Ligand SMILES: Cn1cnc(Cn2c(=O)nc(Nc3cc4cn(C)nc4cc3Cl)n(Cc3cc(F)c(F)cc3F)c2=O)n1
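Just one chain is shown here, as structure tokens, and it is the form solved without the ligand.
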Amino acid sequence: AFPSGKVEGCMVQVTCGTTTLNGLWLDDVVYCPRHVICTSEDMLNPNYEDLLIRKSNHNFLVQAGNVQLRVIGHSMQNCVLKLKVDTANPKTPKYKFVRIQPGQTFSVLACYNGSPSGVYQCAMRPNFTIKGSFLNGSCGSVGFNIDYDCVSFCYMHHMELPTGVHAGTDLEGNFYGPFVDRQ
């Protein structure tokens, strides 16, 4: 797998109500799966536009380790929520966002509640899923490749499907495969 040090410094925890998951902090934006704004009932047929208008910046609790970051804006880009915070990450690496395809390998930094747990090499199967228990409970973890000094982020985990495999999006919030973020 690729060394994970440059990506470890970007992982944060995002909490909205009773849901907590991982987010990616680059410059002064935190990226995370938009279903963080859903309750359990909401996930069956969520109306994300209506849910978002009722959320204020203070409903999002973002923690980088022991430090709380203040959210000063929020917007949706396809299936990813973008939280503007009032502090740029001083550990932001050189990066770009890329969309990949099945069979292309990448490394995933699996985190629990914003804390790095392991780094693993994987690839999506031809049906755009990942099989592998290293993503269990790791919603919002990201996948990346490293090219010299530049991190290419290519994947964000959004959900575990009923069959025990994992689905996710690119960092523009577009799903890989024919999946939607609802149960």
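All residue numbers are counted from 1 along the displayed sequence. Here the rigid core means the biggest group of C-alpha atoms that line up within 1.5 Å when the two forms are laid on top of each other.
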Between the two ranges 162-170 and 19-27, the one averaging a larger CA B factor in the entry:
162-170
For 137-145 versus 33-41, entry-based mean Cα B-factors point to 33-41
Whose CA atom has the top B-factor in the entry, of 117, 129, 59, 121?
59
Hey, out of 105, 113, 89, 78, whose CA B-factor is highest in the deposited coordinates?
113
Is the Cα B-factor recorded for residue 180 in the lowest, middle or highest third of its chain?
highest
Select lowest, middle or highest to describe the third in which the CA B-factor of residue 71 falls within its chain in this entry.
middle
Residue 63, C-alpha B-factor rank within chain (lowest, middle or highest third):
middle
Name the third of the chain's ranked CA B-factors that contains residue 150, choosing lowest, middle or highest.
middle
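This protein has a second form, the form solved in complex with the ligand, left out of what is shown; the following refers to that one.
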Which of these stretches, 123-131, 23-31, 57-65, 154-162, has heavy atoms within 4.5 Å of the ligand in the entry with it bound?
154-162
For a quick test of understanding: in the entry with it bound, does each of 12, 73 and 82 have a heavy atom within 4.5 Å of the ligand?
no
Indicate whether the ligand has at least one heavy atom within 4.5 Å of a heavy atom of residue 139 in the entry with it bound.
yes
Residue 43 versus the ligand, in the entry with it bound: is there a non-hydrogen atom within 4.5 Å?
yes
I'd like to check something about residue 4: if you look in the entry with it bound, is any of its heavy atoms closer than or equal to 4.5 Å to a heavy atom of the ligand?
no
Can any non-hydrogen atom of residue 69 be found within 4.5 angstroms of the ligand in the entry with it bound?
no
Only one of 133, 68, 121, 59 passes the 2 Å C-alpha shift threshold between this form and the one not shown with the rigid core fixed, namely 133
Please check whether, in the entry with it bound, the CA atoms of residue 129 and residue 136 lie closer or farther apart than here, given a change of 3 Å or more.
farther
